[PDB]
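Here's the letter readout for the chains.
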Amino acid sequence: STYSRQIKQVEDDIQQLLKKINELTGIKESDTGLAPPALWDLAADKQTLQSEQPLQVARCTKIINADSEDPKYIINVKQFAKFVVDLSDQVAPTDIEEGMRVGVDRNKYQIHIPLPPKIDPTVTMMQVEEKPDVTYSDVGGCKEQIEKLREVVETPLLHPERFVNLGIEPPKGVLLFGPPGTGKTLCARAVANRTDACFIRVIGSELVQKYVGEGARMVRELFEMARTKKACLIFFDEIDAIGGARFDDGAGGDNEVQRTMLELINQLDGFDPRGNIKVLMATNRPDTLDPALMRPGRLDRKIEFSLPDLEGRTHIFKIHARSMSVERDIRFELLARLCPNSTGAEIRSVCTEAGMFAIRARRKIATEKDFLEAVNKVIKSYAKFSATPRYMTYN
Amino acid sequence: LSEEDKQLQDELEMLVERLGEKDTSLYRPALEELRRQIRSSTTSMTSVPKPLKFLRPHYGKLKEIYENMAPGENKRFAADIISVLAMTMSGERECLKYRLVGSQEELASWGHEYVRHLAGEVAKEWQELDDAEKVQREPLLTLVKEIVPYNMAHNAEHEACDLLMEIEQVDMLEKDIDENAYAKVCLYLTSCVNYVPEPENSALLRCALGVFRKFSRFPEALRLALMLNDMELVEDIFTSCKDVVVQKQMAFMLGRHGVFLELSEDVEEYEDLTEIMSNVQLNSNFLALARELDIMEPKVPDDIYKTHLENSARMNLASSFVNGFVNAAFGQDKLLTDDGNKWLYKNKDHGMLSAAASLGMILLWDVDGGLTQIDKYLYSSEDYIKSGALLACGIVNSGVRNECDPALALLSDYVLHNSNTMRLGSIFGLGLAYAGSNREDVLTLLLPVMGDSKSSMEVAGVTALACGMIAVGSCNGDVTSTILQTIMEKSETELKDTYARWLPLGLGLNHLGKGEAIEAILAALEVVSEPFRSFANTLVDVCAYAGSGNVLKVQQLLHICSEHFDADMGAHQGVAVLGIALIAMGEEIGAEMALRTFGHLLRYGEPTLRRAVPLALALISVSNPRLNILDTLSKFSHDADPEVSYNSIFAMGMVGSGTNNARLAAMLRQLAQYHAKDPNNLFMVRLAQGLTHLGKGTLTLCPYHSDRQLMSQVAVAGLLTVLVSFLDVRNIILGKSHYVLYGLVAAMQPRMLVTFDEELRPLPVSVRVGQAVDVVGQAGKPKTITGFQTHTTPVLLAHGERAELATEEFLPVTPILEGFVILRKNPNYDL
Ligand SMILES: Nc1ncnc2c1ncn2[C@@H]1O[C@H](COP(=O)(O)OP(=O)(O)OP(=O)(O)O)[C@@H](O)[C@H]1O
Ligand SMILES: [Mg+2]
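Residues numbered from 1 in each chain as written, not as in the entry; some residues may be left out. Chains lettered and ligands numbered in written order. Part of a larger assembly, values for the part shown. Heavy atoms only, no water.

Caption draft 1: Looking closely at the UniProt feature "repeat: PC" in chain B. Residues and elements named next belong to chain B. UniProt feature "repeat: PC": in the numbering of this structure it lies at residues 354-387, 388-424, 425-459, 462-496, 505-534, 615-646 and 665-680. Summarising residues 388-424: 54% helix, 0% strand, and an end-to-end C-alpha distance of 8 Å. Annotated as 66% helix and 0% strand, the span residues 425-459 places its first and last C-alpha atoms 9 Å apart. (UniProt positions renumbered as here; feature names shortened; annotations may be inferred. Helix = DSSP H or I, 4+ residues; strand = E, 2+ residues; numbered from the N terminus.)

Below, the structure written as structure tokens:
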């Protein structure tokens, strides 16, 4: 307390200093999206505002007299107008093709720069940019499943040399199916963490849209954007939202959604080659999927995430009880035997609830009795709401 | 008005009336009750007697009682009431006075809040008291002999250390330290040594050392001695211990710091003790983890470049560094450990110099097996390969001390070779092999090279870098004498050459971290001409205060940074920016102030001023990939100034050196695509990828270990050698002297946590690894790790994560769970 008076004097002087420092340094405000003044190259911006002129985005439609020395280009300037223009002197004639987006000026509308194809911002955000914090070491009881998943979606990209030499075309699709909590998305999250190619996450509910032809359109732009990369991965979590089997119920039952599935089926295996995309589908209801989608060439590998066995459940218990402050003699083999048909999600809850019984008792170490009570609360007491009994019939 | 409050308000008159009577019969019962009256409200911390606050003017009636007659009992309790009243107001020379003159009973009897006020005033008047007032501190020392025991009794121990610190009497703290609170005082005091200035730096360090020595906590006592750089104390600390198991673990810390101790044969277990500190078993221990962590497989630079996901002599030289950096200290590689002649000859000009030297970096710390592979390239007729191998000699012994040195034998007869390249691989290699040794035989063999007439400026600077690295932080006057002697003999024109910049660095390294030992050297530097004298004195002055945090020293460096020149005159400006990093790096608080200043230098500074900011970022946070710096370095990666562009990209890899950051590698891969058409920029990009994946994520370049409190002089020497050389990245790094990047080998150490048994065999147990938490202040048991995970011991700890044993089955010898640690079975466990 003898320094309480001296603390506030230097604290207030400090707070006055930051307020003083920010006065000369600047960076106050940001509501208009202003960068800190240390990054202001105002000399270049003034030149940029003059030397670099703005360019209107237009789409080339038809090239007239491409063979001759006077090739005229018809452009569609979005909602503005249509113009027959010629190329600029700084762009090669072979760099502009019909149907591609171009940048045109506001005076003579001459094409100045070819542009990337238009892609829905929603589809762009569907690509993964921060890899998840899940590795293959966090998945227990899925050894054989994981090798099959890696050798299709991870190995060919990592070491492509061992497939071209033998004339091998690796499978370009994997379907992960199993009851909820079995680890379908967990293994996919492990794939994204390890993969170095582009990973796109698609949820089947994201492909359901208000207007007619959107879900097919978003699939088209999804694969169009995936094809602009040397290697790509598309994850379709809960494909059964749009992957349901086609049917005719008199009325237009699920006609629009079926078209979205048909477009996805067309991109996977149609007239045109798909590219270097390896798709990954996860669903807890594989019985509802369309037969054409469940066909090799679209879903070549069908990896089943069945309920873990005794060895697998013991492995999952160790994974989730790795960081627990457990006792010395916790019989995890016994715990795995007390939940015969239990998902890995239940085992995680058992581990979490086991520490909850100890935290409730103000104990810093969870005994084996807490895990025994956790199994009764999770595996037994919560067995009324278990999704396993109904979903094993679907898988 | 409460009646009980009015009852005390009555005592302002009737009790004073009892003290107003001439007879002393009524004095004692009133004063004794008055003395106890204060304790009535003292029992509650918040409750204070407000009627007593109205008795302050009443002291005039009591003025004669406590002053004008005998001090037996009349003044005794009369003054103490004023002392409690002196707590309320300013109390300048009053609150202490009545307690000093009045009753001298147990101090805590008047309250914890009263003594806390009293203790603070003790230090206040102590500064006021002069030398002639030594006859006034007799009762002052008595209180501190009782205040300190009271503070530690009620866990208010951090307040106690504060009392002795202000009065400069921290000497008497150790006598009263108890078993239950030794850890709190030392941890508190050691945290204070990074902010108190000289001479109280050592004094607080020695006093904290005394507590550890008395309490038989030798391993932590040795850490304090190493921070003090007291070689005699290190001898005394080591030999005093009779527990050889503690001594074996202690020898690891000396080896990790690179400090060698010459033991006597009479000391028991002499053999293993020298082996442990010499790091001869480091190669096998490091290889043991590699087999355990199933990452022994070699990595080609293609696996790092990952060009199949992307939508020349310099290219070949870049991949030589990437191959060496990624497979550093491993002994196996698919590109050079195989038949590398096709790859080795793919490089050209000096590209083969670093490529041949890169071969020894895969064999780092493997002196026996590594020298078995270089011999093939040692007989090459092409001049670059042999001297590149000659430098690869120094790498293979770097960080290891051999009882008889192989490297000197392979390099002694090539320091005076007629061809300059052959020397170039000799002195630079010889420097890395014995960096931080201060050994006279090599220095005497290395010294005349600098003064050689045929010795070009390139090798002369290399000689300064080497001899500076051998005698780093030793203030060896012999190396000092020649470095000055070469400097002023040189002509003014050749001082324009940037290879002369290495001469002050060698001088600076020789006085690394000494501080006040440069004024005699700075005196000699005034004779040297400008602008090199401006460059020379700045370099040595910065190196003198390296890892000190002296705010006074960094005050002058920004004064150099304030005056901007409209290049040739501002050559010394780069070191000044690099100076802030070298001084503030000591502790975290000083370090991240530097980032804020580093932002303004990148903003208001001149090109030459801002060309050194990225290197300062690399120095301030080497192998610590924080997002603020990485985002900062990313923004200036594509800078208009080419040097800032190269320097930022190198710093980005340097900041995440050996961290294997997945996010950072993506930025470099993106940077590779952007700078694909720029050969100069792309070379730094490839260099950063190799450093990012240095040792496949198992090597660090950070100079600080032992919970980031103990500084390795060897590591900074390699750190300084590369970064100072990067002030001229165009001519040195991008030119013909890119071998200087091998100075980073002197700083290459494993991010290690290996638990050994008492017989030194591996002992894998469950450990908790998580971000370090400051636990100064808060009493009880605070957690030192947050967001932790449980792993087996053979795990890699990046910057800023501590390690705690998950169970209590084993008792660690050192509280610091870093490097090689010996575990002892807990007798309490399995009771
Ligand atoms: N094999 C496993 N090993 C370890 N943990 C597992 C395993 N399977 C599931 N879990 C845990 O259970 C959680 C269940 O989520 P997860 O994404 O794996 O479910 P899912 O199989 O995709 O289910 P749903 O069909 O409902 O989508 C995971 O987040 C993980 O923590
Ligand atoms: Mg799922």
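Having seen the model, we can carry on.
Caption draft 2: Quick peek at the packing of helix α11 (residues 200-214) of chain B against helix α12 (residues 218-228) of chain B. All names here are of chain B. Direction vectors running N to C along α11 and α12 enclose 165°, while the axes themselves pass 8 Å from each other. The angle between the axes of α11 and α12 places the two elements in the roughly antiparallel class. Between α11 and α12 lies a crossing whose hand is left-handed. Across from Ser202, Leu205, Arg206, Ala208, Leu209, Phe212 and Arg213 in α11, the residues of α12 making contact are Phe218, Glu220, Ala221, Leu224, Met227 and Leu228. Of the residues belonging to the contact of α11 with α12, the class tally is nine nonpolar, one polar and three charged. (Axes fitted to C-alpha atoms, helices over the stretch in contact; angles between N-to-C directions. Parallel < 35°, antiparallel > 145°, perpendicular 65-115°, else oblique. Left-handed = near helix turned anticlockwise from the far one by under 90°. Contact = heavy atoms within 4.5 Å. Nonpolar A, V, L, I, M, F, W, Y, C, P; charged D, E, K, R; others polar.)

Caption draft 3: Examining the site of ligand 1 more closely. Residues and elements named next belong to chain A. Ligand 1 sits among 16 residues. The nearest are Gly140, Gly181, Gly183, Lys184 and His320. Note that a nitrogen atom of ligand 1 is positioned 2.8 Å from one of the backbone N or O atoms of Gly140. Contact between ligand 1 and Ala345: an oxygen atom at 3.4 Å from a main-chain N or O atom of the residue. When isolated, ligand 1 has an accessible area of 630 Å², and the protein chains bury 80% of it. For the shell around ligand 1, the elements supplying multiple residues, two or more each, are α7 (184-194), α10 (310-320) and α12 (344-360). Tallying contributions element by element places α7 first for the shell around ligand 1, with three residues. (Near = heavy atom within 4 Å. Polar contact = N/O pair within 3.5 Å; in protein donor to acceptor, adjacent residues only side chain to side chain. Areas by Shrake-Rupley, 256 points an atom, 1.4 Å probe, with all protein chains shown as cover.)

Caption draft 4: Summary view of the pairing of strand β1 (residues 56-64) of chain A. All names here are of chain A. Where β1 and strand β4 (residues 101-104) come together, four bridges link them in antiparallel fashion. Bridging from a neighbouring strand, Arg59 pairs with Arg101 of β4. In this structure, β1 lies alongside strand β2 (residues 72-77), joined through five bridges in antiparallel fashion. For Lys62, the partnering residue across the bridge sits in β2 and is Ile74. (Pairing = 2+ DSSP bridges.)

Caption draft 5: Summary view of the packing of α10(A) against α12(A). Residues and elements named next belong to chain A. Viewed as axis vectors pointing N to C, α10 and α12 meet at an angle of 45°, and their least axial separation amounts to 9 Å. Judged on the interaxial angle alone, α12 and α10 are oblique. Handedness of the crossing formed by α10 with α12: right-handed. Between α10 and α12, the residues in contact are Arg313, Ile316, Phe317 and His320 and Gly344, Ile347, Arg348, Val350 and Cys351, respectively. A per-class count over the contact of α10 with α12 returns five nonpolar, two polar and two charged.

Caption draft 6: Looking closely at the nonpolar core. Core analysis: the biggest nonpolar cluster contains 283 residues, and B:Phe650, B:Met684 and B:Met748 have the highest contact counts within it. Those residues in contact with B:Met748 that lie beyond four places of it in its chain are B:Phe325, B:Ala328, B:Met361, B:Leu364, B:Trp365, B:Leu694, B:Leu699, B:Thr700 and B:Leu701. In terms of nonpolar packing, the next biggest core, distinct from the first, is built from 31 residues, A:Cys198, A:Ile200, A:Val219 and A:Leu264 among them. (Core = buried A, V, L, I, M, F, W, Y, C linked by side-chain atoms within 4.5 Å. Buried < 20%, exposed > 50% of the residue type's maximum accessible area, 1.4 Å probe, protein only.)

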